[PDB]
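Only one structure is covered here, and it is reproduced in the block below.
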Amino acid sequence: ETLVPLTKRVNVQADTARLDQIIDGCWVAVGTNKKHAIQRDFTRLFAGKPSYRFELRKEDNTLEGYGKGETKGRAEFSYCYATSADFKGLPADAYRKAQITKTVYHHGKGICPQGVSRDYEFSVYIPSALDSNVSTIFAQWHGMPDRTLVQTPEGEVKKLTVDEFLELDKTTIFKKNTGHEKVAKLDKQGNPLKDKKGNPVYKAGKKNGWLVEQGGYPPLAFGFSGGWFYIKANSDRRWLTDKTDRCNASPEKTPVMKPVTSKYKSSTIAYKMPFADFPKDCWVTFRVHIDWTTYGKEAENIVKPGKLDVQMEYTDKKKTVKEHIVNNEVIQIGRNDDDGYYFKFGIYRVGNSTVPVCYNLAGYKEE
Ligand SMILES: O=C(O)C1=C[C@H](O)[C@@H](O)[C@H](O[C@H]2[C@H](OS(=O)(=O)O)[C@@H](NS(=O)(=O)O)[C@@H](O)O[C@@H]2COS(=O)(=O)O)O1
Ligand SMILES: [Ca+2]
């Protein structure tokens with residue numbers, strides 16, 4: 001039993017993790033639950049401990065991307081999640097409301113707050129077999145949208161109470177950020193569906209003009225794209241993220257430390273290297289220090305810029321290498337939200353790609 005499937009999955013925004021879903025006391029898994037997607041690997045040890053092998057085959061995109069007809073794939077670990085214990089002391093109804101607002105993980109461990117520096121470390125192991133045209137994020141620092149921040153059909157941006165948001169949710173259903181008239185789904189015969197609880201199955205009707213804050217680019221991502229290893233930092237100072245503003249730097253095209261900018265956003269390639277030069281069949285360790293950009297909430301200003309420092313270490317061809325690949329660079333990095341940031345690693349296959357991805361991750365620590 002050299003590879004042990006870890007198939008349990010948590011919707012961290014909408015559900016607590018049961019203790020039996022927690023991996024090694026500090027992780028939950030998200031994305032496709034195929035046996036091969038995530039496995040504890042006793043054949044590829046790091047620091048005398050099992051690593052995690054991640055694998056998405058061609059057919060393993062189970063999610064939709066932003067554009068029409070686009071798909072994406074996910075098999076990742078999240079360091080942030082809530083448990084039953086996190087709701088100890090709160091009113092009984094707190095959890096139900098957290099599920100609807102998608103704020104359950106707000107109550108959990110693993111959040112680095114707004115404007116709080118933190119250090120991180122992790123290691124990655126890229127097999128020789130990894131295709132050079134993969135399109136995958138293997139480690140990311142993810143933001144936490146304001147879940148009752150909405151835009152009306154008429155175009156007013158406003159944050160509601162939870163109770164008021166629950167009222168809106170009676171007639172609106174949000175698919176990602178986009179509001180639709182809430183309706184009940186029918187079977188192929190035109191008869192109403194009933195769920196396991198005997199309730200109607202709610203469905204998105206036509207768009208109704210409402211928006212809610214949801215998704216957005218990760219403040220920091222490590223990945224491969226177009227034959228490049230890259231580190232990409234994103235910033236968004238708009239109180240309500242505008243998802244139509246596709247401000248994003250290309251590893252291929254964008255030169256290093258030259259931000260692609262919009263009115264509110266910034267996307268910087270902090271570092272890149274040709275895929276061919278990335279060490280294969282060895283552990284590559286990243287030490288990351290982040291000073292988050294700080295924002296003025298409803299004022300939508302950048303208060304202070306951020307900073308990024310990255311060291312990369314490995315052993316290959318009978319020499320140890322240490323390179324200061326991001327050398328204390330002033331950078332814009334973060335999001336204008338109430339809550340801060342959480343780490344994930346694994347596979348997030350983006351850029352409308354189905355090129356297979358398989359590699360190992362281990363040795364995670366934060367401050
Ligand atoms: O659609 C884009 O602009 C885009 C292009 C990049 O090739 C891809 O890495 C990037 O993926 C986003 C993702 O968009 S997607 O269309 O859903 O895949 C985005 N989702 S969204 O719902 O907020 O738009 C989020 O998950 O971040 C992905 C990675 O972002 S970045 O690391 O490229 O900045 O989007
Ligand atoms: Ca926001």
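By order in the structure tokens, chains are A, B, ...; within a chain, residues start at 1; ligands start at 1, following the order shown.
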Write out as a Markdown table a residue-level contact list of chain A versus ligand 1 with cut-off 6 Å: for each qualifying residue the closest pair of atoms and the distance in Å to one decimal, counting only C-alpha atoms and all ligand atoms, rows sorted by chain and residue number upward.
```
| residue | atom | partner | partner_atom_place_in_ligand_line | distance |
| --- | --- | --- | --- | --- |
| A:65 | CA | ligand 1 | 17 (O) | 3.6 |
| A:66 | CA | ligand 1 | 16 (O) | 3.5 |
| A:67 | CA | ligand 1 | 16 (O) | 5.9 |
| A:215 | CA | ligand 1 | 23 (O) | 3.9 |
| A:216 | CA | ligand 1 | 23 (O) | 3.2 |
| A:217 | CA | ligand 1 | 27 (O) | 3.7 |
| A:218 | CA | ligand 1 | 27 (O) | 5.5 |
| A:221 | CA | ligand 1 | 32 (O) | 5.3 |
| A:246 | CA | ligand 1 | 3 (O) | 4.7 |
| A:248 | CA | ligand 1 | 34 (O) | 5.7 |
| A:350 | CA | ligand 1 | 9 (O) | 4.9 |
| A:351 | CA | ligand 1 | 7 (O) | 3.7 |
```
Selected residues written out with C-alpha atoms, as an mmCIF file, in the first residue's frame:
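Final output, saved to selection.cif:
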```
data_model
loop_
_atom_site.group_PDB
_atom_site.id
_atom_site.type_symbol
_atom_site.label_atom_id
_atom_site.label_comp_id
_atom_site.auth_asym_id
_atom_site.auth_seq_id
_atom_site.Cartn_x
_atom_site.Cartn_y
_atom_site.Cartn_z
ATOM 1 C CA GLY A 65 -14.107 28.587 -16.038
ATOM 2 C CA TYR A 66 -15.075 32.242 -16.524
ATOM 3 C CA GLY A 67 -15.496 32.160 -20.316
ATOM 4 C CA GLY A 215 -14.232 34.409 -6.652
ATOM 5 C CA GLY A 216 -11.401 36.564 -7.966
ATOM 6 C CA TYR A 217 -7.763 35.902 -8.817
ATOM 7 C CA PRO A 218 -5.520 34.563 -6.015
ATOM 8 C CA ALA A 221 0.082 31.857 -7.251
ATOM 9 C CA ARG A 246 -9.684 40.473 -16.522
ATOM 10 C CA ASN A 248 -3.998 39.253 -15.467
ATOM 11 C CA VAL A 350 -6.550 26.661 -15.514
ATOM 12 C CA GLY A 351 -6.255 28.338 -18.919
#
```
Kindly provide the residues of range 190-234 of chain A that approach range 163-170 of chain A to within 12 Å, each paired with its closest atom pair and their distance in Å to one decimal, based on only C-alpha atoms, listed by chain and increasing number, as CSV.
```
residue,atom,partner,partner_atom,distance
A:202,CA,A:170,CA,10.4
A:204,CA,A:169,CA,11.8
A:208,CA,A:168,CA,11.9
A:210,CA,A:168,CA,9.7
A:211,CA,A:168,CA,11.3
A:212,CA,A:165,CA,10.0
```
Per DSSP on the backbone, what are the helix (DSSP H, G or I) residues of range 107-302 of chain A, as a PDB file with N, CA and C atoms, in the first residue's frame?
```pdb
ATOM      1  N   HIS A 107     -14.802  31.163  10.303  1.00  0.00           N
ATOM      2  CA  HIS A 107     -14.740  30.788  11.707  1.00  0.00           C
ATOM      3  C   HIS A 107     -13.587  29.834  12.012  1.00  0.00           C
ATOM      4  N   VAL A 162     -26.501  40.160   7.454  1.00  0.00           N
ATOM      5  CA  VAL A 162     -26.721  38.771   7.106  1.00  0.00           C
ATOM      6  C   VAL A 162     -28.223  38.530   6.955  1.00  0.00           C
ATOM      7  N   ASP A 163     -29.026  39.051   7.889  1.00  0.00           N
ATOM      8  CA  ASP A 163     -30.468  38.844   7.858  1.00  0.00           C
ATOM      9  C   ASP A 163     -31.075  39.402   6.571  1.00  0.00           C
ATOM     10  N   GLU A 164     -30.594  40.572   6.138  1.00  0.00           N
ATOM     11  CA  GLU A 164     -31.063  41.187   4.908  1.00  0.00           C
ATOM     12  C   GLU A 164     -30.595  40.382   3.697  1.00  0.00           C
ATOM     13  N   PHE A 165     -29.394  39.809   3.784  1.00  0.00           N
ATOM     14  CA  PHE A 165     -28.870  38.986   2.708  1.00  0.00           C
ATOM     15  C   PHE A 165     -29.698  37.706   2.604  1.00  0.00           C
ATOM     16  N   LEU A 166     -30.071  37.130   3.755  1.00  0.00           N
ATOM     17  CA  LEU A 166     -30.918  35.947   3.773  1.00  0.00           C
ATOM     18  C   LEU A 166     -32.268  36.244   3.118  1.00  0.00           C
ATOM     19  N   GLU A 167     -32.779  37.475   3.275  1.00  0.00           N
ATOM     20  CA  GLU A 167     -34.051  37.860   2.674  1.00  0.00           C
ATOM     21  C   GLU A 167     -33.936  37.889   1.152  1.00  0.00           C
ATOM     22  N   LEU A 168     -32.869  38.530   0.657  1.00  0.00           N
ATOM     23  CA  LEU A 168     -32.570  38.593  -0.763  1.00  0.00           C
ATOM     24  C   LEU A 168     -32.491  37.187  -1.351  1.00  0.00           C
ATOM     25  N   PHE A 275      10.331  26.273 -18.300  1.00  0.00           N
ATOM     26  CA  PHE A 275       9.941  24.978 -17.765  1.00  0.00           C
ATOM     27  C   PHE A 275      11.123  24.013 -17.770  1.00  0.00           C
ATOM     28  N   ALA A 276      11.926  24.066 -18.841  1.00  0.00           N
ATOM     29  CA  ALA A 276      13.030  23.145 -19.055  1.00  0.00           C
ATOM     30  C   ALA A 276      14.084  23.282 -17.963  1.00  0.00           C
ATOM     31  N   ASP A 277      14.188  24.478 -17.369  1.00  0.00           N
ATOM     32  CA  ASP A 277      15.210  24.772 -16.377  1.00  0.00           C
ATOM     33  C   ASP A 277      14.716  24.456 -14.967  1.00  0.00           C
ATOM     34  N   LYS A 297     -10.876  49.643   2.515  1.00  0.00           N
ATOM     35  CA  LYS A 297     -12.251  49.155   2.497  1.00  0.00           C
ATOM     36  C   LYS A 297     -13.132  50.026   1.586  1.00  0.00           C
ATOM     37  N   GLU A 298     -14.178  50.636   2.164  1.00  0.00           N
ATOM     38  CA  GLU A 298     -15.176  51.365   1.391  1.00  0.00           C
ATOM     39  C   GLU A 298     -14.563  52.581   0.694  1.00  0.00           C
ATOM     40  N   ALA A 299     -13.367  53.005   1.122  1.00  0.00           N
ATOM     41  CA  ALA A 299     -12.666  54.120   0.508  1.00  0.00           C
ATOM     42  C   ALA A 299     -11.913  53.678  -0.743  1.00  0.00           C
TER      43      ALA A 299
END
```
Please find the residues contacting ligand 2 at a distance of at most 8 Å between atoms, with only C-alpha atoms and all ligand atoms counted, and report them as a PDB file with N, CA, C and O atoms, in the first residue's frame.
```pdb
ATOM      1  N   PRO A 145     -13.712  36.705  -0.107  1.00  0.00           N
ATOM      2  CA  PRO A 145     -14.687  37.746  -0.457  1.00  0.00           C
ATOM      3  C   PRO A 145     -15.671  38.125   0.650  1.00  0.00           C
ATOM      4  O   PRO A 145     -15.999  37.300   1.499  1.00  0.00           O
ATOM      5  N   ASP A 146     -16.154  39.375   0.595  1.00  0.00           N
ATOM      6  CA  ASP A 146     -17.196  39.842   1.488  1.00  0.00           C
ATOM      7  C   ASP A 146     -18.529  39.293   0.991  1.00  0.00           C
ATOM      8  O   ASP A 146     -19.010  39.696  -0.064  1.00  0.00           O
ATOM      9  N   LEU A 149     -21.741  41.556   0.486  1.00  0.00           N
ATOM     10  CA  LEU A 149     -21.498  42.727  -0.341  1.00  0.00           C
ATOM     11  C   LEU A 149     -22.102  42.465  -1.718  1.00  0.00           C
ATOM     12  O   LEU A 149     -21.679  41.531  -2.397  1.00  0.00           O
ATOM     13  N   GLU A 213     -20.238  39.571  -4.121  1.00  0.00           N
ATOM     14  CA  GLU A 213     -18.799  39.374  -4.190  1.00  0.00           C
ATOM     15  C   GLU A 213     -18.493  37.880  -4.097  1.00  0.00           C
ATOM     16  O   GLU A 213     -18.995  37.190  -3.210  1.00  0.00           O
ATOM     17  N   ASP A 236      -6.275  43.874  -5.806  1.00  0.00           N
ATOM     18  CA  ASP A 236      -7.585  44.400  -6.166  1.00  0.00           C
ATOM     19  C   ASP A 236      -8.077  45.317  -5.047  1.00  0.00           C
ATOM     20  O   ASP A 236      -8.422  44.849  -3.961  1.00  0.00           O
ATOM     21  N   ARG A 237      -8.125  46.624  -5.330  1.00  0.00           N
ATOM     22  CA  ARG A 237      -8.454  47.628  -4.323  1.00  0.00           C
ATOM     23  C   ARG A 237      -9.939  47.994  -4.346  1.00  0.00           C
ATOM     24  O   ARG A 237     -10.396  48.718  -3.463  1.00  0.00           O
ATOM     25  N   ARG A 238     -10.675  47.521  -5.364  1.00  0.00           N
ATOM     26  CA  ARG A 238     -12.102  47.779  -5.456  1.00  0.00           C
ATOM     27  C   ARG A 238     -12.787  47.068  -4.291  1.00  0.00           C
ATOM     28  O   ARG A 238     -12.442  45.938  -3.941  1.00  0.00           O
ATOM     29  N   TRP A 239     -13.747  47.756  -3.672  1.00  0.00           N
ATOM     30  CA  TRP A 239     -14.421  47.196  -2.519  1.00  0.00           C
ATOM     31  C   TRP A 239     -15.144  45.925  -2.950  1.00  0.00           C
ATOM     32  O   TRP A 239     -14.947  44.867  -2.360  1.00  0.00           O
ATOM     33  N   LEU A 240     -15.942  46.052  -4.018  1.00  0.00           N
ATOM     34  CA  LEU A 240     -16.538  44.919  -4.707  1.00  0.00           C
ATOM     35  C   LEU A 240     -15.704  44.614  -5.950  1.00  0.00           C
ATOM     36  O   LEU A 240     -15.662  45.413  -6.879  1.00  0.00           O
ATOM     37  N   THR A 241     -15.033  43.455  -5.943  1.00  0.00           N
ATOM     38  CA  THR A 241     -14.274  42.992  -7.089  1.00  0.00           C
ATOM     39  C   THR A 241     -15.177  42.995  -8.320  1.00  0.00           C
ATOM     40  O   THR A 241     -16.272  42.432  -8.292  1.00  0.00           O
ATOM     41  N   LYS A 297     -10.876  49.643   2.515  1.00  0.00           N
ATOM     42  CA  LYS A 297     -12.251  49.155   2.497  1.00  0.00           C
ATOM     43  C   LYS A 297     -13.132  50.026   1.586  1.00  0.00           C
ATOM     44  O   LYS A 297     -12.858  50.173   0.392  1.00  0.00           O
ATOM     45  N   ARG A 335      -6.221  41.664  -1.597  1.00  0.00           N
ATOM     46  CA  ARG A 335      -7.563  42.051  -1.982  1.00  0.00           C
ATOM     47  C   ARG A 335      -8.185  42.943  -0.911  1.00  0.00           C
ATOM     48  O   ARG A 335      -7.967  42.742   0.281  1.00  0.00           O
ATOM     49  N   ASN A 336      -9.034  43.872  -1.359  1.00  0.00           N
ATOM     50  CA  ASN A 336      -9.737  44.771  -0.460  1.00  0.00           C
ATOM     51  C   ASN A 336     -10.984  44.063   0.073  1.00  0.00           C
ATOM     52  O   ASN A 336     -12.082  44.257  -0.448  1.00  0.00           O
ATOM     53  N   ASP A 337     -10.781  43.227   1.102  1.00  0.00           N
ATOM     54  CA  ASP A 337     -11.839  42.499   1.789  1.00  0.00           C
ATOM     55  C   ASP A 337     -11.675  42.692   3.292  1.00  0.00           C
ATOM     56  O   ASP A 337     -10.615  43.131   3.745  1.00  0.00           O
ATOM     57  N   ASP A 338     -12.710  42.319   4.057  1.00  0.00           N
ATOM     58  CA  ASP A 338     -12.622  42.319   5.511  1.00  0.00           C
ATOM     59  C   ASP A 338     -11.651  41.244   5.983  1.00  0.00           C
ATOM     60  O   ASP A 338     -10.822  41.496   6.852  1.00  0.00           O
TER      61      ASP A 338
END
```
Could you list, as number ranges by chain, every residue within 7 Å of residue 111 in chain A, counting only C-alpha atoms and ignoring same-chain residues fewer than 4 positions away?
A: 80, 340-342
Take the residues that were just selected and, keeping N, CA and C atoms, output them as a PDB file, in the first residue's frame.
```pdb
ATOM      1  N   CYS A  80      -7.157  26.210   5.436  1.00  0.00           N
ATOM      2  CA  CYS A  80      -8.229  26.923   6.112  1.00  0.00           C
ATOM      3  C   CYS A  80      -9.550  26.161   5.995  1.00  0.00           C
ATOM      4  N   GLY A 340      -8.805  37.977   5.412  1.00  0.00           N
ATOM      5  CA  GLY A 340      -7.483  37.877   4.821  1.00  0.00           C
ATOM      6  C   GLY A 340      -7.380  36.670   3.902  1.00  0.00           C
ATOM      7  N   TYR A 341      -6.329  35.867   4.102  1.00  0.00           N
ATOM      8  CA  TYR A 341      -5.840  34.977   3.063  1.00  0.00           C
ATOM      9  C   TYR A 341      -5.491  33.604   3.619  1.00  0.00           C
ATOM     10  N   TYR A 342      -5.694  32.575   2.784  1.00  0.00           N
ATOM     11  CA  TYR A 342      -5.409  31.207   3.184  1.00  0.00           C
ATOM     12  C   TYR A 342      -4.637  30.509   2.067  1.00  0.00           C
TER      13      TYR A 342
END
```
Under the rule of at most 10 Å, produce a per-residue listing of range 292-351 of chain A near range 26-40 of chain A: chain, number, name, the closest pair of atoms, and the distance in Å, as CSV, using only C-alpha atoms.
```
residue,atom,partner,partner_atom,distance
A:344,CA,A:27,CA,9.2
A:345,CA,A:29,CA,9.8
A:346,CA,A:38,CA,8.5
A:347,CA,A:37,CA,9.0
A:348,CA,A:31,CA,9.0
```
Writing out the chosen residues with N, CA and C atoms as a JSON list (two decimals), in the first residue's frame:
```json
[["chain", "number", "residue", "atom", "x", "y", "z"],
["A", 344, "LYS", "N", -3.41, 27.20, -0.18],
["A", 344, "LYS", "CA", -3.72, 25.89, -0.73],
["A", 344, "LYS", "C", -2.55, 25.43, -1.59],
["A", 345, "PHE", "N", -2.38, 24.11, -1.71],
["A", 345, "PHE", "CA", -1.51, 23.56, -2.73],
["A", 345, "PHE", "C", -2.17, 22.32, -3.33],
["A", 346, "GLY", "N", -1.65, 21.90, -4.48],
["A", 346, "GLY", "CA", -2.19, 20.77, -5.21],
["A", 346, "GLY", "C", -2.25, 21.09, -6.70],
["A", 347, "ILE", "N", -3.37, 20.75, -7.34],
["A", 347, "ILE", "CA", -3.57, 21.03, -8.75],
["A", 347, "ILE", "C", -4.81, 21.90, -8.91],
["A", 348, "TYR", "N", -4.59, 23.04, -9.57],
["A", 348, "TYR", "CA", -5.67, 23.86, -10.09],
["A", 348, "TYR", "C", -5.34, 24.12, -11.55]]
```
Just the strand (DSSP E or B) stuff from range 68-259 of chain A, please, per backbone DSSP, written as a ChimeraX atom specification.
/A:71-78,81,109,112,118-125,136-142,149-151,157-159,172-175,178-184,186,192,194,200,202-212,220-225,228-236
Set the distance at 7 Å and use only C-alpha atoms: which residues neighbour residue 222 in chain A once local chain neighbours fewer than 3 positions away are removed? I'd like the list as a list in words.
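Near neighbours after the sequence-gap exclusion: residues 137, 138, 139, 140, 230, 231 and 232 of chain A.
Taking only C-alpha atoms into account, residue 96 in chain A lies nearest to A:16 out of the set A:328, A:16, A:315, A:128.
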For residue 286 in chain A, please output as a PyMOL selection string all residues within 9 Å (counting only C-alpha atoms; exclusion window: fewer than 5 positions along the same chain).
chain A and resi 120-124+310-313
Limited to N, CA and C atoms, could you put the picked residues into a file as a JSON list (two decimals), in the first residue's frame?
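The new file again-v2.json reads:
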```
[["chain", "number", "residue", "atom", "x", "y", "z"],
["A", 120, "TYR", "N", 5.98, 31.59, 4.94],
["A", 120, "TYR", "CA", 5.48, 30.30, 4.51],
["A", 120, "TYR", "C", 6.63, 29.49, 3.92],
["A", 121, "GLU", "N", 6.49, 28.17, 3.98],
["A", 121, "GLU", "CA", 7.43, 27.27, 3.34],
["A", 121, "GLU", "C", 6.68, 26.04, 2.85],
["A", 122, "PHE", "N", 7.10, 25.53, 1.68],
["A", 122, "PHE", "CA", 6.56, 24.29, 1.15],
["A", 122, "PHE", "C", 7.53, 23.75, 0.10],
["A", 123, "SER", "N", 7.38, 22.47, -0.24],
["A", 123, "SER", "CA", 8.25, 21.82, -1.19],
["A", 123, "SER", "C", 7.43, 21.11, -2.26],
["A", 124, "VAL", "N", 7.97, 21.09, -3.48],
["A", 124, "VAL", "CA", 7.29, 20.49, -4.62],
["A", 124, "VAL", "C", 8.26, 19.55, -5.32],
["A", 310, "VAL", "N", 11.12, 35.60, -1.97],
["A", 310, "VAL", "CA", 11.08, 34.17, -2.22],
["A", 310, "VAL", "C", 12.51, 33.65, -2.40],
["A", 311, "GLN", "N", 12.84, 32.61, -1.62],
["A", 311, "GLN", "CA", 14.06, 31.83, -1.81],
["A", 311, "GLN", "C", 13.69, 30.44, -2.32],
["A", 312, "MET", "N", 14.49, 29.91, -3.24],
["A", 312, "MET", "CA", 14.27, 28.61, -3.86],
["A", 312, "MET", "C", 15.51, 27.75, -3.64],
["A", 313, "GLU", "N", 15.31, 26.54, -3.09],
["A", 313, "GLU", "CA", 16.42, 25.67, -2.73],
["A", 313, "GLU", "C", 16.15, 24.26, -3.25]]
```
Residues near residue 233 in chain A, cut-off 9 Å, only C-alpha atoms, skip fewer than 3 positions along chain, as number ranges by chain
A: 218-221, 249, 266-270, 308, 331-334
As a PyMOL selection string, please: the residues near residue 108 in chain A (cut-off 9 Å, only C-alpha atoms, same-chain neighbours under 6 positions excluded).
chain A and resi 16+80-83+86-87
Can you write just those residues out, N, CA, C and O atoms, as a PDB file, in the first residue's frame?
```
ATOM      1  N   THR A  16     -18.692  22.912   7.658  1.00  0.00           N
ATOM      2  CA  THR A  16     -17.614  22.511   8.545  1.00  0.00           C
ATOM      3  C   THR A  16     -17.034  21.200   8.028  1.00  0.00           C
ATOM      4  O   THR A  16     -17.721  20.431   7.357  1.00  0.00           O
ATOM      5  N   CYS A  80      -7.157  26.210   5.436  1.00  0.00           N
ATOM      6  CA  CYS A  80      -8.229  26.923   6.112  1.00  0.00           C
ATOM      7  C   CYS A  80      -9.550  26.161   5.995  1.00  0.00           C
ATOM      8  O   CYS A  80      -9.982  25.820   4.899  1.00  0.00           O
ATOM      9  N   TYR A  81     -10.193  25.937   7.148  1.00  0.00           N
ATOM     10  CA  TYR A  81     -11.485  25.270   7.234  1.00  0.00           C
ATOM     11  C   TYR A  81     -11.992  25.390   8.669  1.00  0.00           C
ATOM     12  O   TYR A  81     -11.195  25.512   9.591  1.00  0.00           O
ATOM     13  N   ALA A  82     -13.314  25.325   8.842  1.00  0.00           N
ATOM     14  CA  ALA A  82     -13.918  25.359  10.165  1.00  0.00           C
ATOM     15  C   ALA A  82     -14.378  23.954  10.543  1.00  0.00           C
ATOM     16  O   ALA A  82     -14.645  23.133   9.675  1.00  0.00           O
ATOM     17  N   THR A  83     -14.466  23.710  11.852  1.00  0.00           N
ATOM     18  CA  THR A  83     -14.984  22.474  12.422  1.00  0.00           C
ATOM     19  C   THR A  83     -16.174  22.810  13.319  1.00  0.00           C
ATOM     20  O   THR A  83     -16.393  23.977  13.635  1.00  0.00           O
ATOM     21  N   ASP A  86     -15.329  25.130  16.139  1.00  0.00           N
ATOM     22  CA  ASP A  86     -15.212  26.549  15.853  1.00  0.00           C
ATOM     23  C   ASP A  86     -16.521  27.299  16.101  1.00  0.00           C
ATOM     24  O   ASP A  86     -16.472  28.506  16.316  1.00  0.00           O
ATOM     25  N   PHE A  87     -17.662  26.591  16.100  1.00  0.00           N
ATOM     26  CA  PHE A  87     -18.967  27.202  16.326  1.00  0.00           C
ATOM     27  C   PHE A  87     -19.432  27.050  17.779  1.00  0.00           C
ATOM     28  O   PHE A  87     -20.502  27.539  18.137  1.00  0.00           O
TER      29      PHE A  87
END
```
When you draw a straight line from CA of residue 264 in chain A to CA of residue 135 in chain A, how long is it in Å?
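If I compute the distance from CA of residue 264 in chain A to CA of residue 135 in chain A, I get 26.2 Å.
From CA of residue 125 in chain A back to CA of residue 279 in chain A, the distance works out to 8.6 Å.
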